[PDB]
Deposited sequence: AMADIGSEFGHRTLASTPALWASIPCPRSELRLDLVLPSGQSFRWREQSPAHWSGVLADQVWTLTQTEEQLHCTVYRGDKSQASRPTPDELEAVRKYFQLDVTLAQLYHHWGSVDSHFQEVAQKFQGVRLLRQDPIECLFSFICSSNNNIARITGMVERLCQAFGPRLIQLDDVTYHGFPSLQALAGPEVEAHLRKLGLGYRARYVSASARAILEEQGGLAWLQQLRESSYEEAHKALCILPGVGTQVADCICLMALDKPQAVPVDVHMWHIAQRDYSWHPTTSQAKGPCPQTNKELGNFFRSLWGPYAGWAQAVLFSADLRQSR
């Protein structure tokens, strides 16, 4: 059937593969784990979302990542298009190599890694990432996903409709900086997060020099970027870290939330040295991050992603 969301079984001719063993990627451990909030499993084992300003559905077999795009006559994805997918999942970095290293220097990680393979990091767009995580604070993944959806529906470009689901592209700075955006987001249920989105959009545009400012941060240092991001309304060290790690190519940035905070205590018997605070404080959180960085190396952020993901289930 030419309608609704596709499935590998339903329309074989429209799918193309990317060699990728499950040990290098587990869609179900990555897509709904709080990295990106734009993917839904519309059909069992099939994930649909907007990627590179187009709609896709992904599914995998033992050794293959099957992809299908919705753009003209319906046809399988092209090599170039497939490359978009590869870049998005940063498939050039070998998860096996990282897992080996982390596992060799951390027994606990080895134990977790034995049951949660294929958890890698997505390379996300700076804008989409920055605003998605501004919506993530003092909130749960289920709700956050809804908020980002209505945000895109209300201020993003309409892409294509599958069944009764209409996909939108992520809003632009100009749209987010638009008049009365906050009031609207409020009526959309983003709570006090509403003002953050408007204020941060207006600030990057009317004070930091626009989109270029954000993108330039990808070349800047982690210390650099993190400091820069913390300027924006609604962006603290934790949100700043999420953005550095997932969108600004800072693989050593380690987001420290409640999850990573309980993980450090329960799994590593970790306690603040540079402080005596009772809960995650700006100083203790800073210290935990260094701890993890010192324990896992240059890709500590990625190691964190595996544990955060695993903790969402366990």
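Where C-alpha coordinates are absent, the deposited sequence of this PDB chain has the segments 1-6, 78-80, 324-325.
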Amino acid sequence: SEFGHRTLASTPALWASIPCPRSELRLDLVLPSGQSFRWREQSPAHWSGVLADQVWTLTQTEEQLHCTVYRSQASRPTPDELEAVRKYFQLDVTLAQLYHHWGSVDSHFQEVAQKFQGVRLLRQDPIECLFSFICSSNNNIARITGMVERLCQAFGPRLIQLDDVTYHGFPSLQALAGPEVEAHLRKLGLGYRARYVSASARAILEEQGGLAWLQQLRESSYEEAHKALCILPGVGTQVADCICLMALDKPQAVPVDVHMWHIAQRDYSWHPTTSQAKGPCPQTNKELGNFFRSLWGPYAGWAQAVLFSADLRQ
From here on, numbers count along this sequence of modelled residues.
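Stretch comparison (133-141 versus 177-185) by mean CA B-factor in the PDB entry places 177-185 on top. Of the two segments examined, 215-223 and 187-195, it is 215-223 that shows the higher average Cα temperature factor in the deposited entry. Of the residues listed, 253, 55, 31, 277, the entry assigns the biggest Cα temperature factor to 277.
Of the candidates 289, 49, 44, 282, the one whose C-alpha carries the top B factor in the deposited record is 282. When the CA B factors of the chain's modelled residues are split into thirds, the value for residue 59 lands in the lowest one.
The PDB entry assigns residue 66 a C-alpha temperature factor belonging to the middle third of its chain's modelled residues. When all modelled residues of the chain are sorted by CA temperature factor, residue 236 is found within the highest third.
Looking at the C-alpha B-factors along this chain, the one for residue 8 belongs to the middle third.
Remark: residue 259 belongs to the middle third of its chain, ranked by C-alpha B-factor as recorded.
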